[PDB]
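Undergrad: part one of the complex, untouched from its place in the assembly:
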Amino acid sequence: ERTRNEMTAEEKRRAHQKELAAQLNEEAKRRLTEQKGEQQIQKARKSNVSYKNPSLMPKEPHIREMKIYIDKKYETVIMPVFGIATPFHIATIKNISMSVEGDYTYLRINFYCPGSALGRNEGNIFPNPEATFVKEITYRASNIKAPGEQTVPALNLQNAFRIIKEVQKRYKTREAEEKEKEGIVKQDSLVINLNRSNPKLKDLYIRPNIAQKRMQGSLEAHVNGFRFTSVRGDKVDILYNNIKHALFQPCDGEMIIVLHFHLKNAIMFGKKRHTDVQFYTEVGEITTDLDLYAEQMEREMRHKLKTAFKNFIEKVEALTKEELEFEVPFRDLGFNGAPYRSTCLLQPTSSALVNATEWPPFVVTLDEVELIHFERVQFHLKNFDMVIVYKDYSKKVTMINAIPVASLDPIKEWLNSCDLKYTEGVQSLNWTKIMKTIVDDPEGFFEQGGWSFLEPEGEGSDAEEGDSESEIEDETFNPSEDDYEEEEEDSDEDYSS
Amino acid sequence: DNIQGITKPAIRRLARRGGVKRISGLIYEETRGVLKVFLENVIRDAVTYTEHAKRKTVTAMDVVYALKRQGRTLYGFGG
Amino acid sequence: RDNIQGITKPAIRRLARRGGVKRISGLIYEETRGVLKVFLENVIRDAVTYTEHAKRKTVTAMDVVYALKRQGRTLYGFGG
Amino acid sequence: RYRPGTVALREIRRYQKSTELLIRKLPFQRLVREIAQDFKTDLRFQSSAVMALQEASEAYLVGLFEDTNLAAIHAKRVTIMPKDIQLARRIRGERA
Amino acid sequence: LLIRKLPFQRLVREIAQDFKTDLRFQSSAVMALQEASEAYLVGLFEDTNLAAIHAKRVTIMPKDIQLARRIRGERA
Amino acid sequence: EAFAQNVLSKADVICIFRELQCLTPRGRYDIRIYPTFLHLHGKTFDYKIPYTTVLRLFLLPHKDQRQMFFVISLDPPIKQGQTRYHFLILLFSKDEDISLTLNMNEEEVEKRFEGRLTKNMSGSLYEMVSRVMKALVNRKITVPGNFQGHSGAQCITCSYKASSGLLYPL
């Protein structure tokens, strides 16, 4: 006997984890009790006024001509509403449609109103949602030019239809700018390291794209930040400080070599703002449609690129006084999971847990991990899930769904080595509730042992030493004295070895 | 290092055979990995059945058992 | 009340939530019953198969145990 | 927060060392009898056999949902659609 | 038959080494292995294509093979 | 109602199959039937399909044995913006019951429908709609032959292009 390999990894880890639990609760109470003095964020909104007064509204030919019209300067559509030139600011129009109905062309204008303003959490966008609303307007005009007309009846509809989409998309776009534009700190500069051997890499595809479609470019390190310049002349700059993390993914087992940038603040790619950016290049044939030289060139090309990048890093680390150490994901410490929507190999780095191969990029700054919970952990499952609790409870937890159970112990160990407190739970209760609950009453929460609430009551915590347990329905299996007696018929027949 | 010897076209031809239309170069790295894992278990089992039979060279009889034992069974033979 | 609905949508919703499945199409609940029925049908058939050798006209957990084995669903917690 | 809803449900995660059957036992037992009846009459069902089926199926369906979740995840979808169940079943090869 | 018989046999003897030296294989076994090997990869690719289909793609990827094996239960 | 009657207290006033689940184009539409076309009224767009354009009508039982696909071959195809559809596909459940009223006289209903139908009816949307549209377009309801797979479905699980769907052996 005594065939067990060694003390279970958990038993070793338990003391430290148990320790971490104590440390966590104390730590949590101060930080949170101290944090409880801070406060919430405010907002404002304006009305979509087409014209300040009936005299400022246009007198354009269509209006006179009983034609649907668009005033681009005032983002307003003017339409003959039963002989009445009535304006409607494009901001009220949801969208449009048109139909040819035999001899007629029907232009249908749909407007924002309760129930029609679908998807937005802004149900009842309107300054007076109980007001009645013009849900939609449908105009018809014959497809055939009538006598004396300057334009076909349907031609006015066809042009108003077309121009509305134009002015509408332009308005939607200018609106979308303001949503993405607000919340950005003015960066001071970059300062190009003029007349110096600025380290560089050239086979680089930026992620996400600046324009509608991807471009190549080269990344250079400068006085206080990076610059990625596209082959089409676009300049992209990254202050070194604004980089929350620089993580380098070698193309080892990956069809791309990647430099992943996790940022402390999001930055605009013009189209969108991103807290995560990548520079990478393709390792080989990704689109084969159904040999040593090719295979060897792969080995060479990888090494070549791998070296060039590795050199760029070292050159930058040296240039940066190492303030930007490129964390390399410890691949054997990675595991299969899904932080967003698709299965990917999550990998730990010196200070983060990430998956930069796929897009969108997944990055967890372990400094922000308050606690980890392994939900759904159970023996019958084949996979489990992981939840991350942040130190600022005003922000949602993150799930890492369907991680396979075979990674259970290895992940705990990794977490243990990171000084990360984790807990297991077969159940998967509502974190949004749990957050507001603890956000509203952290004092009482901590008083109920706080986070100890997740403890599966493994070992004799005196506070709840007896947990919620009771005898099941048994007399702890004790074989009765009479059951043992049949053993004598183990007849001694020396059956041949 | 003979897993590197399992030529890309060999794999590629099987993929065409499996109706796959297109492939990404990583499939080769992955396919080689898969091939090893399958082989590792089949041979270890094949080894063990042969080891039991007190022999050092494997016969089809032994591999049939290794695959059959794993439900990966072969066809066309008898005895 | 019809037992096919006895495997109520919430009974299903609980299982899927436990299988980690998050949002569930209405459509799923219905197929689940089919799958479950298919699943059970195979199992019950086998339980009966065992019951016939035992010359029994009573279904026992042993038959189910001997059955789940045969389907790669070996079950512990029954027998002597 | 010491109030109800918080304490019990929170702790129930830890009180739940239990393995409560997720399908209602009688609603299920009736279906067992029903499908049993669908097969053959005279079938006495031992509650043990009913439990055996119930527990196996619940874990089994959870198992099916594990795969179904993967497949939804596979398709970049959160909501599973029957096609996922089907995909899962086809791939498992666990089809009649 | 789609793999070169030599590299295939070389690999068989090579991995055999990790378990035990002296081991070599009669032609019938190595052929039987390849015969099994091809069937497995065939099935897996078909399955992977089902994933490809299911994912609304035609270019299969390792994750397609991973998921297929993952769902298949090939792993521990 | 209060507002509607107030309007009607000054107003001067064929039928609508409400809430129709269309797979092609994707969405829920209200079919405002008209003398020569059906005005497929939608939540943003709408279309009128002159009955003359329908090449065929098909009733395809879903493999789930719980739904039915009703297909309308369109020629010309409706131009969905830039995209165009040679078909109209509807999906309805076998138990998705409805009621329909024709804003026509019973003499006219009898006149056009030979007593096969009535001005007011209720029943399964698939059976009912198949019958109603069979008249307005005159096309006969196309149904699968004795093809019923090993799985019993009147279609086969397959994939065509970058997607999966059902192949029906008509």
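TA: On my side now, so go ahead. Numbers count the residues shown, from 1 in each chain, chains lettered A, B, ... in the order given.

Undergrad: contacts, neighbours, all on C-alpha from now
TA: Fine.

Undergrad: mind checking the longest helix of chain B?
TA: When chain B is scanned for its longest helix (criterion: DSSP state H), the result is helix B:26-52.

Undergrad: Does chain A have contacts with that helix?
TA: Yes. With CA under 8 Å from any CA of the partner chain as the threshold, helix B:26-52 lies in contact with chain A, specifically through B:26, B:29.

Undergrad: How about that helix and chain E, touching?
TA: Yes. Helix B:26-52 comes into contact with chain E when judged by CA under 8 Å from any CA, the residues involved being B:26-27, B:30, B:35, B:38-40, B:43-44.

Undergrad: what do you get for stretch D:79-96?
TA: Yes. Using CA under 8 Å from any CA, stretch D:79-96 comes into contact with chain E via D:87-88, D:91-92.

Undergrad: what's the longest helix of chain B packed up against?
TA: helix B:8-17, strand B:57-58, helix B:60-69, helix E:5-19, helix E:27-54, helix E:62-72 (3 or more CA pairs under 8 Å, 6 or more residues apart in numbering or on different chains; DSSP states H and E).

Undergrad: partners of the shortest one in the sheet?
TA: In the sheet, strand B:57-58 lines up against strand E:24-25 (parallel) (DSSP bridges).

Undergrad: if we look at the partner strand, which residues are touching it?
TA: Among residues not part of strand E:24-25, those counted as contacts by CA atoms under 8 Å, 6 or more residues apart in numbering or on different chains are B:56-59, E:13, E:16.

Undergrad: Make a markdown table out of the residues you listed and add neighbour count and distance to residue A:225.
TA: A markdown table is the format used below for the contacts of strand E:24-25 (neighbours: other CA atoms under 10 Å in any protein chain shown; distance: CA to CA, whole Å):
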| residue | neighbour count | distance to residue A:225 |
| --- | --- | --- |
| B:56 | 15 | 65 |
| B:57 | 16 | 64 |
| B:58 | 24 | 63 |
| B:59 | 19 | 66 |
| E:13 | 19 | 54 |
| E:16 | 20 | 54 |
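
Undergrad: Run a quick neighbour tally on residue A:2.
TA: Neighbouring residues of residue A:2 were enumerated by other CA atoms under 10 Å in any protein chain shown; the total is 5.

Undergrad: element containing it?
TA: Here residue A:2 is covered by no helix or strand, with elements defined by DSSP states H and E.

Undergrad: How much space separates it from chain E?
TA: Applying CA to the nearest CA, to the nearest Å, one obtains 25 Å for the distance of residue A:2 from chain E.

Undergrad: Another chain to add, DNA strand G:
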DNA sequence: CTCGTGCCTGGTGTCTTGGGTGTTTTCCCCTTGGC
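TA: With DNA strand G added, the chains above now look like this:
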């Protein structure tokens, strides 16, 4: 006896298809050439 199952409502969020890329392939224009 009263917790569990269910009919109904609003919202979302999340699955669908439209818009779009650029790769593998064909039909067509352009021009020179041979009997």
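
Undergrad: Check the contacts of strand E:24-25 one more time with DNA strand G there.
TA: Contacts to strand E:24-25, defined as CA under 8 Å, 6+ apart, come from residues B:56-59, E:13, E:16.

Undergrad: One more pass at 10 Å, please.
TA: Residues external to strand E:24-25 that are found in contact with it (CA atoms under 10 Å, 6 or more residues apart in numbering or on different chains): B:56-60, E:9-10, E:12-14, E:16-17, E:30-31.

Undergrad: can you give me phi and psi for the closest residue in space to residue A:450 that isn't next to it in sequence?
TA: Counting by CA to CA, 6 or more residues apart in numbering or on different chains, the nearest residue to residue A:450 once its immediate chain neighbours are dropped is residue A:25, at 6.9 Å. Backbone dihedrals for residue A:25, given as degrees, to the nearest 10, come out at phi -60, psi -40.

Undergrad: what's the spacing between the residue nearest to the spatial centre of chain D and residue A:128?
TA: In chain D, the residue lying closest to the centroid (CA atoms, centre = their mean) is residue D:58, at 2.6 Å. Remark: distance between residue D:58 and residue A:128 (CA to CA, to the nearest Å) = 50 Å.

Undergrad: One more: residue F:68?
TA: Plainly put, residue F:68 is 44 Å away from residue A:128 if you go by CA to CA.

Undergrad: Could you check which of the two is surrounded by more residues?
TA: Set side by side, residue F:68 and residue A:128 give different neighbour counts by other CA under 10 Å, the larger being at residue F:68 (19 against 9).

Undergrad: So is the helix or strand hosting the more buried one next to chain D?
TA: Here residue F:68 sits within strand F:67-80, counting by DSSP H and E. No. Strand F:67-80 stays out of contact with chain D when judged by CA under 10 Å from any CA of the partner chain, the minimum separation being 13.4 Å.

Undergrad: C-alpha coordinates for the helix or strand following that strand, CSV please?
TA: Counting by DSSP H and E, the next helix or strand C-terminal to strand F:67-80 is strand F:83-93. C-alpha atoms of strand F:83-93 as CSV (Å, rounded to 0.1, in the frame of the first residue of the first chain):
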residue,chain,number,x,y,z
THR,F,83,-30.3,41.5,-53.5
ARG,F,84,-33.1,39.6,-55.4
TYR,F,85,-35.2,36.5,-54.5
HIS,F,86,-36.5,33.9,-57.0
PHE,F,87,-38.6,32.5,-54.1
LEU,F,88,-40.8,33.4,-51.3
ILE,F,89,-40.4,31.0,-48.4
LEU,F,90,-42.7,30.9,-45.4
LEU,F,91,-42.2,28.8,-42.3
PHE,F,92,-45.3,27.9,-40.2
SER,F,93,-45.8,25.4,-37.5
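
Undergrad: DNA strand H goes on too:
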DNA sequence: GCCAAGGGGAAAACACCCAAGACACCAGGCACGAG
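TA: DNA strand H, in position alongside the others:
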């Protein structure tokens, strides 16, 4: 001169990615049901 072959250019058919939105799912709430 009449009649024919070839290279090349512009394009079409395909497998794939990115954006929008609508329905269909869970969440919320009052009520009926049968464990």
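
Undergrad: Same as before for the contacts of strand E:24-25, with DNA strand H this time.
TA: B:56-60, E:9-10, E:12-14, E:16-17, E:30-31.

Undergrad: what about the strands in chain F?
TA: F:15-24, F:26-33, F:37-41, F:46-50, F:54-61, F:67-80, F:83-93, F:97-101, F:120-124, F:141-142, F:156-160, F:163-167 (DSSP state E).

Undergrad: and those strands as a markdown table, adding distance to chain B?
TA: Conversion of the strands of chain F to a markdown table gives the following (distance: least, CA to the nearest CA, whole Å):
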| stretch | distance to chain B |
| --- | --- |
| strand F:15-24 | 28 |
| strand F:26-33 | 29 |
| strand F:37-41 | 39 |
| strand F:46-50 | 38 |
| strand F:54-61 | 28 |
| strand F:67-80 | 29 |
| strand F:83-93 | 27 |
| strand F:97-101 | 43 |
| strand F:120-124 | 42 |
| strand F:141-142 | 33 |
| strand F:156-160 | 12 |
| strand F:163-167 | 14 |
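
Undergrad: wait, does the longest helix of chain B contact DNA strand H?
TA: No. Using CA under 7 Å from any atom of the strand, we find that helix B:26-52 stays clear of DNA strand H, coming within 12.3 Å at best.

Undergrad: buried set for that helix?
TA: The neighbour-count check on helix B:26-52 (16 or more other CA atoms under 10 Å in any protein chain shown) flags B:26-28, B:30-32, B:34-36, B:38-40, B:42-50 as buried.

Undergrad: Help me see whether the strand or helix carrying residue A:263 makes contact with chain E, please.
TA: Applying DSSP H and E as the criterion places residue A:263 in strand A:256-268. No. For a cut-off given as CA under 10 Å from any CA, strand A:256-268 has no contacts with chain E; the smallest distance is 13.9 Å.

Undergrad: What helices and strands are in contact with that strand?
TA: In this structure, strand A:256-268 makes packing contacts with helix A:153-181, strand A:200-207, strand A:235-239, strand A:243-249, strand A:273-282, helix A:292-319, strand A:352-355, strand A:362-365, judged by 3 or more CA pairs under 10 Å, 6 or more residues apart in numbering or on different chains; DSSP states H and E.

Undergrad: Who are the contact partners of the residue of chain B found nearest chain F?
TA: Of the residues in chain B, the one nearest chain F is residue B:21, at a distance of 11.1 Å by CA to the nearest CA. Applying CA under 10 Å, 6+ apart to residue B:21 gives the contacts A:288-290, B:15, E:49, E:52, E:57-60.

Undergrad: All good on my end, thank you.
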